[PDB]
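Text of coords_18.cif (mmCIF, N, CA, C and O atoms and all ligand atoms) as supplied:
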```
data_input
loop_
_atom_site.label_atom_id
_atom_site.label_comp_id
_atom_site.auth_asym_id
_atom_site.auth_seq_id
_atom_site.Cartn_x
_atom_site.Cartn_y
_atom_site.Cartn_z
N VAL A 1 13.88 -11.88 -3.19
CA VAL A 1 13.37 -10.72 -2.43
C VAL A 1 12.63 -11.19 -1.19
O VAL A 1 12.06 -12.29 -1.19
N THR A 2 12.62 -10.39 -0.13
CA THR A 2 11.89 -10.68 1.12
C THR A 2 10.39 -10.37 1.01
O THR A 2 9.96 -9.65 0.11
N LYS A 3 9.59 -10.90 1.94
CA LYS A 3 8.15 -10.59 2.06
C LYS A 3 7.89 -9.19 2.63
O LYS A 3 8.62 -8.72 3.50
N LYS A 4 6.80 -8.57 2.18
CA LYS A 4 6.18 -7.37 2.79
C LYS A 4 5.30 -7.76 3.99
O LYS A 4 5.02 -8.94 4.22
N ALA A 5 4.81 -6.78 4.74
CA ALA A 5 3.75 -6.98 5.74
C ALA A 5 2.39 -7.32 5.09
O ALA A 5 2.23 -7.23 3.88
N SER A 6 1.40 -7.70 5.90
CA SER A 6 -0.02 -7.78 5.52
C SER A 6 -0.75 -6.47 5.83
O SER A 6 -0.36 -5.72 6.73
N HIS A 7 -1.83 -6.17 5.10
CA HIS A 7 -2.51 -4.87 5.07
C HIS A 7 -2.89 -4.30 6.45
O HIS A 7 -2.56 -3.15 6.76
N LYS A 8 -3.54 -5.10 7.29
CA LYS A 8 -3.97 -4.69 8.64
C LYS A 8 -2.81 -4.50 9.61
O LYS A 8 -2.86 -3.62 10.47
N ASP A 9 -1.72 -5.26 9.45
CA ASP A 9 -0.50 -5.10 10.24
C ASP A 9 0.28 -3.84 9.81
O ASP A 9 0.77 -3.08 10.65
N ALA A 10 0.29 -3.56 8.50
CA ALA A 10 0.83 -2.36 7.87
C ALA A 10 -0.01 -1.08 8.08
O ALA A 10 0.38 -0.01 7.62
N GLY A 11 -1.16 -1.16 8.75
CA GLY A 11 -2.01 -0.01 9.03
C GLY A 11 -2.67 0.61 7.80
O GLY A 11 -2.73 1.84 7.68
N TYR A 12 -3.15 -0.23 6.87
CA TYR A 12 -3.95 0.23 5.73
C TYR A 12 -5.25 0.91 6.20
O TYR A 12 -5.79 0.61 7.28
N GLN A 13 -5.75 1.86 5.40
CA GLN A 13 -6.89 2.71 5.74
C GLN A 13 -7.83 2.93 4.53
O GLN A 13 -7.60 2.37 3.45
N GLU A 14 -8.92 3.68 4.72
CA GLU A 14 -10.05 3.75 3.78
C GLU A 14 -10.03 4.98 2.86
O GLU A 14 -10.71 5.00 1.82
N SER A 15 -9.24 6.01 3.20
CA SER A 15 -9.04 7.24 2.41
C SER A 15 -7.62 7.80 2.58
O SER A 15 -6.98 7.52 3.60
N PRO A 16 -7.09 8.61 1.63
CA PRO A 16 -5.65 8.89 1.54
C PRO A 16 -5.08 9.71 2.72
O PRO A 16 -5.80 10.29 3.52
N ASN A 17 -3.75 9.78 2.80
CA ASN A 17 -3.01 10.60 3.75
C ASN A 17 -2.46 11.86 3.05
O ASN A 17 -1.30 11.90 2.64
N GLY A 18 -3.31 12.88 2.87
CA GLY A 18 -2.96 14.08 2.09
C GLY A 18 -2.65 13.71 0.64
O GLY A 18 -3.53 13.21 -0.07
N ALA A 19 -1.40 13.91 0.21
CA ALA A 19 -0.91 13.52 -1.11
C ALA A 19 -0.62 12.01 -1.29
O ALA A 19 -0.49 11.55 -2.43
N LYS A 20 -0.51 11.23 -0.20
CA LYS A 20 -0.12 9.80 -0.26
C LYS A 20 -1.34 8.87 -0.30
O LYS A 20 -2.14 8.85 0.63
N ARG A 21 -1.44 8.07 -1.37
CA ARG A 21 -2.45 7.02 -1.60
C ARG A 21 -1.80 5.72 -2.07
O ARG A 21 -0.60 5.68 -2.31
N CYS A 22 -2.60 4.67 -2.27
CA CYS A 22 -2.18 3.45 -2.96
C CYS A 22 -1.93 3.70 -4.46
O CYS A 22 -2.79 3.48 -5.32
N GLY A 23 -0.75 4.24 -4.75
CA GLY A 23 -0.34 4.81 -6.05
C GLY A 23 0.72 5.91 -5.92
O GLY A 23 1.54 6.08 -6.83
N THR A 24 0.78 6.59 -4.76
CA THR A 24 1.78 7.62 -4.39
C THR A 24 2.42 7.33 -3.03
O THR A 24 2.90 8.24 -2.34
N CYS A 25 2.45 6.06 -2.61
CA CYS A 25 3.13 5.58 -1.42
C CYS A 25 4.65 5.52 -1.68
O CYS A 25 5.38 6.46 -1.36
N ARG A 26 5.08 4.44 -2.35
CA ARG A 26 6.39 4.30 -3.00
C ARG A 26 6.40 3.19 -4.06
O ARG A 26 6.82 3.46 -5.19
N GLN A 27 5.95 1.98 -3.73
CA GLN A 27 5.99 0.81 -4.62
C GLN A 27 4.69 -0.02 -4.61
O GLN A 27 4.71 -1.25 -4.69
N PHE A 28 3.55 0.68 -4.59
CA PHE A 28 2.34 0.26 -5.30
C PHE A 28 2.67 -0.44 -6.64
O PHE A 28 3.60 -0.04 -7.35
N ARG A 29 1.89 -1.47 -7.01
CA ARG A 29 2.15 -2.35 -8.16
C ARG A 29 1.10 -2.12 -9.27
O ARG A 29 0.02 -2.71 -9.22
N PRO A 30 1.38 -1.28 -10.29
CA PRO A 30 0.39 -0.96 -11.32
C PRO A 30 -0.05 -2.18 -12.16
O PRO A 30 0.72 -3.13 -12.32
N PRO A 31 -1.27 -2.14 -12.75
CA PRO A 31 -2.25 -1.04 -12.68
C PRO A 31 -3.18 -1.07 -11.45
O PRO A 31 -3.78 -0.05 -11.12
N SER A 32 -3.32 -2.22 -10.78
CA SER A 32 -4.39 -2.48 -9.79
C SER A 32 -3.99 -3.39 -8.62
O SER A 32 -4.85 -3.96 -7.95
N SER A 33 -2.69 -3.52 -8.34
CA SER A 33 -2.14 -4.44 -7.32
C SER A 33 -1.23 -3.73 -6.30
O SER A 33 -0.87 -2.56 -6.44
N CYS A 34 -0.83 -4.45 -5.25
CA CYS A 34 0.23 -4.06 -4.31
C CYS A 34 1.13 -5.27 -4.00
O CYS A 34 1.14 -6.27 -4.73
N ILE A 35 1.91 -5.16 -2.94
CA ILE A 35 2.77 -6.21 -2.37
C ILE A 35 2.51 -6.34 -0.85
O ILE A 35 2.53 -7.45 -0.31
N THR A 36 2.17 -5.23 -0.18
CA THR A 36 1.69 -5.19 1.21
C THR A 36 0.21 -5.58 1.31
O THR A 36 -0.19 -6.37 2.17
N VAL A 37 -0.63 -5.07 0.40
CA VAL A 37 -2.06 -5.41 0.33
C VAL A 37 -2.30 -6.57 -0.63
O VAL A 37 -1.74 -6.63 -1.73
N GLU A 38 -3.18 -7.48 -0.22
CA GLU A 38 -3.71 -8.58 -1.03
C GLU A 38 -4.62 -8.05 -2.16
O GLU A 38 -5.67 -7.46 -1.90
N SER A 39 -4.21 -8.27 -3.40
CA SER A 39 -4.74 -7.59 -4.59
C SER A 39 -6.03 -8.23 -5.15
O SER A 39 -6.24 -9.43 -4.93
N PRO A 40 -6.87 -7.50 -5.92
CA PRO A 40 -6.73 -6.09 -6.35
C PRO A 40 -6.91 -5.05 -5.23
O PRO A 40 -7.49 -5.36 -4.18
N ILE A 41 -6.43 -3.83 -5.45
CA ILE A 41 -6.35 -2.76 -4.43
C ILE A 41 -7.32 -1.59 -4.66
O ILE A 41 -7.63 -1.22 -5.80
N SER A 42 -7.74 -0.96 -3.55
CA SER A 42 -8.35 0.38 -3.53
C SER A 42 -7.27 1.46 -3.67
O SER A 42 -6.47 1.66 -2.75
N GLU A 43 -7.24 2.22 -4.77
CA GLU A 43 -6.22 3.27 -4.95
C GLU A 43 -6.30 4.40 -3.91
O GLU A 43 -5.28 4.99 -3.57
N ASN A 44 -7.47 4.65 -3.32
CA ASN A 44 -7.65 5.63 -2.24
C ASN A 44 -7.11 5.18 -0.86
O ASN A 44 -7.17 5.97 0.07
N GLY A 45 -6.61 3.95 -0.70
CA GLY A 45 -6.26 3.38 0.61
C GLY A 45 -5.13 4.10 1.37
O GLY A 45 -5.39 4.83 2.32
N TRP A 46 -3.89 3.89 0.93
CA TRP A 46 -2.64 4.07 1.71
C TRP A 46 -2.48 3.09 2.89
O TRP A 46 -3.45 2.62 3.49
N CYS A 47 -1.22 2.81 3.26
CA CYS A 47 -0.82 2.12 4.49
C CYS A 47 0.42 2.77 5.10
O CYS A 47 1.17 3.49 4.44
N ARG A 48 0.67 2.52 6.39
CA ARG A 48 1.78 3.12 7.15
C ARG A 48 3.10 2.34 7.00
O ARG A 48 4.13 2.77 7.54
N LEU A 49 3.10 1.21 6.28
CA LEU A 49 4.26 0.35 6.07
C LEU A 49 4.35 -0.10 4.61
O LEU A 49 4.48 -1.29 4.29
N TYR A 50 4.24 0.88 3.72
CA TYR A 50 4.12 0.69 2.28
C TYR A 50 5.33 0.03 1.62
O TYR A 50 6.48 0.16 2.07
N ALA A 51 5.08 -0.70 0.53
CA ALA A 51 6.12 -1.37 -0.25
C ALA A 51 7.12 -0.37 -0.85
O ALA A 51 6.75 0.75 -1.23
N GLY A 52 8.39 -0.77 -0.96
CA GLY A 52 9.52 0.09 -1.33
C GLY A 52 10.33 0.61 -0.14
O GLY A 52 11.44 1.13 -0.33
N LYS A 53 9.82 0.44 1.09
CA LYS A 53 10.59 0.55 2.35
C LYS A 53 11.61 -0.59 2.49
O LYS A 53 11.61 -1.54 1.69
N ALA A 54 12.50 -0.48 3.48
CA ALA A 54 13.55 -1.46 3.76
C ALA A 54 13.01 -2.87 4.05
O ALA A 54 13.58 -3.82 3.48
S1 LIG B 1 1.67 -0.51 -0.36
FE1 LIG B 1 0.99 1.43 -1.08
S2 LIG B 1 -0.73 0.76 -2.47
FE2 LIG B 1 -0.49 -0.87 -1.10
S3 LIG B 1 -1.64 -0.64 0.79
FE3 LIG B 1 0.33 0.42 1.19
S4 LIG B 1 0.01 2.56 0.57
FE4 LIG B 1 -1.45 1.11 -0.39
#
```

Mind turning the file's structure into structure tokens?
Ligand code: SF4
Amino acid sequence: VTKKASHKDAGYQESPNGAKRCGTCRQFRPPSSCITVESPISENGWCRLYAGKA
């Protein structure tokens, strides 16, 4: 598999985008990890280049 972006390049943030958070993006890594963000993660975050994209 290929690499994801890093959190600041992916536009990670401090509170959710409506219904979308670190858990309702697409491929957040349960229970407490990601692939775009260096883990452990804030579930309230979200990013603009979330894992599970192309
Ligand atoms: S991949 Fe998902 S859980 Fe991780 S920073 Fe982006 S929105 Fe958050």

Sort by chain and increasing residue number a table of all residues of chain A within 4.5 Å of ligand LIG 1 (chain B), each with its closest pair of atoms and their distance in Å to one decimal, counting all atoms listed in the file, and write it as JSON lines.
```
{"residue": "A:21", "atom": "O", "partner": "B:LIG1", "partner_atom": "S4", "distance": 4.3}
{"residue": "A:22", "atom": "CA", "partner": "B:LIG1", "partner_atom": "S2", "distance": 3.1}
{"residue": "A:23", "atom": "N", "partner": "B:LIG1", "partner_atom": "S2", "distance": 4.2}
{"residue": "A:28", "atom": "CA", "partner": "B:LIG1", "partner_atom": "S2", "distance": 4.2}
{"residue": "A:37", "atom": "N", "partner": "B:LIG1", "partner_atom": "FE2", "distance": 4.5}
{"residue": "A:46", "atom": "CA", "partner": "B:LIG1", "partner_atom": "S4", "distance": 3.3}
{"residue": "A:47", "atom": "N", "partner": "B:LIG1", "partner_atom": "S4", "distance": 3.0}
{"residue": "A:50", "atom": "CA", "partner": "B:LIG1", "partner_atom": "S1", "distance": 3.8}
{"residue": "A:51", "atom": "N", "partner": "B:LIG1", "partner_atom": "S1", "distance": 3.5}
```

To one decimal place in Å, what is the distance between atom O of residue 11 in chain A and atom C of residue 39 in chain A?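 Atom C of residue 39 in chain A lies at a distance of 16.6 Å from atom O of residue 11 in chain A.
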
Counting only C-alpha atoms, which of A:2, A:42, A:10, A:49 gets nearest to residue 26 in chain A?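 Using only C-alpha atoms, the shortest distance to residue 26 in chain A belongs to A:49.
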
Can you work out the spacing between atom O of residue 1 in chain A and atom O of residue 19 in chain A in Å, to one decimal?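 The value is 27.0 Å.
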
Rounded to one decimal place, report the CA of residue 7 in chain A-CA of residue 38 in chain A distance in Å.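 CA of residue 38 in chain A lies 7.2 Å from CA of residue 7 in chain A.
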